[PDB]
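Each remark here refers to the structure printed beneath this line.
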Amino acid sequence: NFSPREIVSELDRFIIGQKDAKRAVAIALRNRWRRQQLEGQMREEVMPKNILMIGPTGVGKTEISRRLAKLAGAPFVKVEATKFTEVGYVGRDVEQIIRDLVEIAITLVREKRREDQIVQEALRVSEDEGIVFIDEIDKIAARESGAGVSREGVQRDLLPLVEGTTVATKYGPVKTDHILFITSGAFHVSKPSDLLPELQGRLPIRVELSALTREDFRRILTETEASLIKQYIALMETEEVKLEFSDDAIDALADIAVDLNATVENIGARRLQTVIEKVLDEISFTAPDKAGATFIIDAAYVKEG
Amino acid sequence: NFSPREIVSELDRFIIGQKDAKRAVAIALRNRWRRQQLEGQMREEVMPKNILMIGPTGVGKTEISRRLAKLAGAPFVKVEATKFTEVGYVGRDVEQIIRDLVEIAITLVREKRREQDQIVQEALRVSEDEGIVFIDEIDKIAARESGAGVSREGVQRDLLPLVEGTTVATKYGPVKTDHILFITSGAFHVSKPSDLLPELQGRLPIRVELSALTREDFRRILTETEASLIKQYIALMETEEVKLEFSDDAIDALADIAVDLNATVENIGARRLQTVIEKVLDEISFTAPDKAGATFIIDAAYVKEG
Amino acid sequence: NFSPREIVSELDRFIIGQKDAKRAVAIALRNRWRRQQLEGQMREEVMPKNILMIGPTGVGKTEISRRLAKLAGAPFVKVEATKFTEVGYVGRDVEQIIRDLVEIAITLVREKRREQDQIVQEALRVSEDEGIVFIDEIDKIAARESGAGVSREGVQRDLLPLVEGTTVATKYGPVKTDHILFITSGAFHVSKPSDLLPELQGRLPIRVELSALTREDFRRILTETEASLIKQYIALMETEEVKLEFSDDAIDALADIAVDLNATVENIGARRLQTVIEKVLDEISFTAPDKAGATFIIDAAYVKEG
Amino acid sequence: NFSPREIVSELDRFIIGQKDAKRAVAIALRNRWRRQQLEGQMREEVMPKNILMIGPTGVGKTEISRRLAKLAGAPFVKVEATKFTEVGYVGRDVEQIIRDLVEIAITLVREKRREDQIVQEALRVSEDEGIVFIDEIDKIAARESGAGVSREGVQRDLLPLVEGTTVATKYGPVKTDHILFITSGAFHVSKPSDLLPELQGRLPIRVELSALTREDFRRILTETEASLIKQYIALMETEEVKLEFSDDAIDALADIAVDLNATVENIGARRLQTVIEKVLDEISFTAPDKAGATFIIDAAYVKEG
Ligand SMILES: Nc1ncnc2c1ncn2[C@@H]1O[C@H](COP(=O)(O)OP(=O)(O)O)[C@@H](O)[C@H]1O
Ligand SMILES: Nc1ncnc2c1ncn2[C@@H]1O[C@H](COP(=O)(O)OP(=O)(O)O)[C@@H](O)[C@H]1O
Ligand SMILES: Nc1ncnc2c1ncn2[C@@H]1O[C@H](COP(=O)(O)OP(=O)(O)O)[C@@H](O)[C@H]1O
Ligand SMILES: Nc1ncnc2c1ncn2[C@@H]1O[C@H](COP(=O)(O)OP(=O)(O)O)[C@@H](O)[C@H]1O
């Protein structure tokens, strides 16, 4: 899809809630289209509407950006900002981000072409369509454990990428002027105004994300297209086992994850994956011994499990 | 074998006990087969059932994973997590794990084809769909922070791209880690599993404990498994025309020596057995060619003098 | 007051909301009274119901504890835990907390007696049975390890003797900390409560959360409580013969300014209110003596220009 | 009591299980009596049978030693060994242990005398009867976060105390030749043979302690004389509330603590204190409003709580 409301709808198929974050990337992606519709010098003066996402861990910041890029057939790279503060001879320079992105556009163009010029198209796509997700940008803006580049230095090193620079790769120079950047952080260890002024100026769009509620966990489990329940159901189908979850079993699974997030650590929706798996441990092991049968998991089964 | 109960049975041929750990890797391996039966988009949405093994040292964490990979003809790489906290210019980046794995899948595909650009293409296919990566002492890179290189949390952060899904460059071409299985292990005395990065927890769906080995476990480790130390020394002395025999009380005596050393010096698990049988066999290992055709019996008394 | 519901009601006079936190300190204080009703050995086996408060900054953690201590005529000491991680030769040891507490109990007993070796003896008695110690940012000394003094875990380890029970030397004599109540607080974004030393967890029986303050909370904080900022500025301007008046829309406007600043710069909780009323009162605070006998009304429009 | 079997019995009133650890301190305390029964120079050649306790956290190492000393009317000091590895101008020298011990013997002699000579008796008791508990002695024997004395240096600093030295205090010199030392550690970060040889030689008795079982938690809750249940029952009696626990409620409370120790962290019996308190939160708050009544807590009440 190509329209912002259409983009929001496509993202609804995989991400529950977070409407503001969904609309922010839609605007950013739609503006890339508006730029290419422009003609003349104005085509070279408009820059990507880069985004700063603020929100707790495991509530959809990566997922929204990752699905967005797949929607737009754009090459995507996720990186943890603090990795550039560590010593190391391999992969400690931020231009590795751009080199990896071309490496992802090559393997992306090969898939579409099948269905020298290919390498050129990977270099064309990377410049005009690349999407870069920089996680925990809040951690490189704090009051200063890494013995490498300082935190402000990682910010200073990010400036050439998001302002516009040329980067050398094993396939040739890559310009970053019109690559879209999505940055994210919780901003408990720092605040958004602790970013370098030059970085603030290259983050036009600011959007918050909210904690997931108990109802959010229920819908995340069942409603989205690649949901965990649909995965476990699909995996047991290959063993000739029709797996069924009652509605109270789904409520019970969501409650286990909410409670653990409330007593151990709130890791957001990442808790769901580990909770369903232990409840399905007995049936995942014995599934070939149960072929042809229909297995219904109720609230009581989740309780004993 | 391809079935979880069948996998557990194959592992019983080499590992004593640790039934929960055996069933955990079976589930993880069986899900790889369940995934490839899927067709469509769901084939690209299911991720490996990575495992966190919790247990003391030398009770079968590496051995289970290593036998599992050989059972599945899958390329296998074991790595010590804390090695990435040290300074150095060779092999200090976690992508070295993935490069080594292709290096092991290439040499694996050549063996089966014989019994080539196309071989390298499948070695890149095998590595992506069948690779198994064992990360030891993942508990030590989650502690309260001697390595002067990457910090402990930084080694975790560097592991995130591998287990979440990334493309890695090699001397043979780009490799995706999306469908590689990861088995991680630690004792978790210096830290706890919730000290791992949240992003890491979410990519470790299966959690399994392992237990200390008991005195009876040592006796069965010595004799019952297919590649047991006793069966090795017997086979080694057969090449010298010497029938090496252990009485049943001798095996008990050897197990008791190892338990006591693990109880008074340090508990290193079943690794103590190797050094204990070897010192008792010192006299015969030296003189065996001078003793050809003869039968050498090690009893409880011989273990005592040894 | 002496009853938990009565304690909650007394705290309602100064703190808006945070009902769970109010009831938590009530239980802890009521158990002190329950203990002294006991006679015999059980009188020496019951230990204070120490509290861990979890909540964002500036929502009432210090204020609740501080009002509680004044309600109970108990000596009170607030300390920043991370101060003990810094180098220095004055006041860098945790026993300084206890020495300061006696210093506050002495000056407390003198006030009540007037309205002396015997005073110091009871100040040493009061400190032991009635002292209240508030330790802020106990979450920061439980993180992954800028202070060049004691390490973070070391500050925890140094706190163990205080909350488990120890004798501390002072310029007035030995003081036991066995029956001192401890209230600890943190946001727990940089760490989690299970990152505390096991020995510390066991001496924190009561766990209570506090919530963010809402826009309506700011309005009630401004006006409803007994020592509210509005009642302070009104009283301060009364000494100049100026009737200071706030309309209800003006109070909403002031609360909105603070919410927006907490939403765009940094969320510092109710601390934002103090700086916001002060800038709106800048014009009148200066000219009030030149305006004696007059009435000054601050409306929504006046807050807008200000 | 004065006999080792009698000592073991007195400790049974407060500590569940750990029979080996109980007998080890009994031997050590009984030998102090055997020494004072000796006459002549042999009286000056026998040294305390110091103990190294090995065991997990929160299973009774401190409690056994603390109760033992109270049984013997002996002044007692507990210290965390790693505290001497930290920088600091106050209380970072191991002789503070001995100075604190005299400070505890003074306040101990005043209690018994009531029921210059007193200070002399505090100096007499400290030398002949002091008991020093050094916790986590395993942590100062590891492979080397404190920026002060090194770990081996803390061991080296402990040598004068346990071999025999004179220590100056605000009341006068204190000899440590016949002070009993109980040291403890889990020995996962190191092993007992990592201690300095001179320290090994001054730790004659070696005793292990075991993890607490589910049944241990049940007996710890109810059976011992100062148990948590008897405290909460006694505290509610001062409010005219007869609090009663069913047997299944006690089982339920023990199960909550075992599960948390199995999923968060095994902190031993320290988990019990925090678990009963949250279950009693509603009644502890409302107890004055319920005076004259009898309140029975069953398994179902522990479940909702
Ligand atoms: N709102 C949500 N809707 C659907 N899935 C979600 C949501 N929030 C988190 N998830 C899932 O939880 C996991 C972690 O989420 P992710 O977006 O990567 O985290 P973060 O916000 O920390 O980047 C992924 O499997 C993701 O699909
Ligand atoms: N349960 C067991 N059954 C059989 N052999 C075992 C067992 N535990 C340990 N061993 C043997 O002891 C040695 C060390 O075991 P290993 O699994 O590699 O240790 P770790 O669990 O620390 O990874 C190997 O020779 C292994 O075969
Ligand atoms: N809920 C509240 N009710 C009343 N005053 C409050 C509330 N929260 C904060 N305040 C006021 O805001 C300031 C800071 O609050 P305080 O409790 O000291 O912060 P913290 O919770 O960080 O300890 C004080 O002036 C306090 O009176
Ligand atoms: N076996 C036990 N019997 C009775 N109480 C115990 C036992 N183990 C631990 N406790 C209690 O748990 C808490 C911590 O125990 P403690 O002996 O101080 O720990 P450690 O072994 O770490 O020194 C104390 O309240 C203690 O009374």
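For ligands, and for the atoms within them, numbers begin at 1 and follow the listed sequence. Below, read A as the first sequence line, B as the second, and so on, with proteins coming before strands; counting in each chain starts at 1. Quick note: numbers below take in every heavy atom, side chains included, and nothing from hydrogens, waters or symmetry partners.
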Distance from atom 8 (N) of ligand 1 to nearest protein heavy atom, with residue and atom: A:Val59 C, 2.9 Å
Contact partition for B:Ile15 relative to ligand 2, non-hydrogen atoms under 4.0 Å: both
Test of proximity, A:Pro56 against ligand 1: N or O pairs below 3.5 Å: no
Side chain, backbone, both or neither: the part of A:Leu212 lying under 4.0 Å from ligand 1 by heavy atom: side chain
Selected option - heavy-atom contact closest to atom 15 (O) of ligand 1, from A:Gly58, A:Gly268, A:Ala21: A:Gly58
Polar side chain donor-acceptor pair, D:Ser184 to D:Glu136, under 3.5 angstrom: no
Check against side-chain contact (heavy atoms from CB on, under 4.5 Å), A:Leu209 and A:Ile54: CA-CA 6 Å; A:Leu209 287 87; A:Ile54 300 152; over 6 Å; no
From D:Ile220, D:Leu221, D:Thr57 - option closest to atom 2 (C) of ligand 4 by heavy atom: D:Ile220
Identity and distance of the protein heavy atom lying nearest atom 4 (C) of ligand 1: A:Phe14 O, 3.3 Å
Short N or O distance, A:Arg270 and ligand 1, threshold 3.5 Å exclusive: yes
Straight-line distance of B:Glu80 CD to B:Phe134 CZ, nearest 0.5 Å: 8.5 Å
B:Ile15 backbone acceptor or donor facing B:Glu63 side chain under 3.5 Å: no
Protein contact for atom 27 (O) of ligand 4 (heavy atom, distance under 4.0 Å): yes
Identity and distance of the protein heavy atom lying nearest atom 23 (O) of ligand 1: A:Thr62 OG1, 2.6 Å
Nearest-contact summary for atom 25 (O) of ligand 1 - protein heavy atom, Å: A:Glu63 OE1, 4.6 Å
Test applied, side-chain contact (heavy atoms from CB on, under 4.5 Å); reference residue, A:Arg271; option that passes from A:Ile256, A:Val258, A:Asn266, A:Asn261: A:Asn261
Shortest heavy-atom approach to atom 12 (O) of ligand 1 - which of A:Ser184, A:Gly60, A:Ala269: A:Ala269
Residue pair A:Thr57 / A:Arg270, side-chain donor-acceptor N/O under 3.5 Å: yes
Non-hydrogen protein atom less than 4.0 angstrom from atom 19 (O) of ligand 1: yes
Polar proximity ligand 4 side, D:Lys61 side, N/O cut 3.5 Å exclusive: yes
Residue and atom name of the nearest protein heavy atom (relative to atom 3 (N) of ligand 4), distance in Å to one decimal: D:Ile16 N, 3.0 Å
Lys/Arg N to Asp/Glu carboxylate O, C:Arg157 vs C:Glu164, below 4.0 Å: no
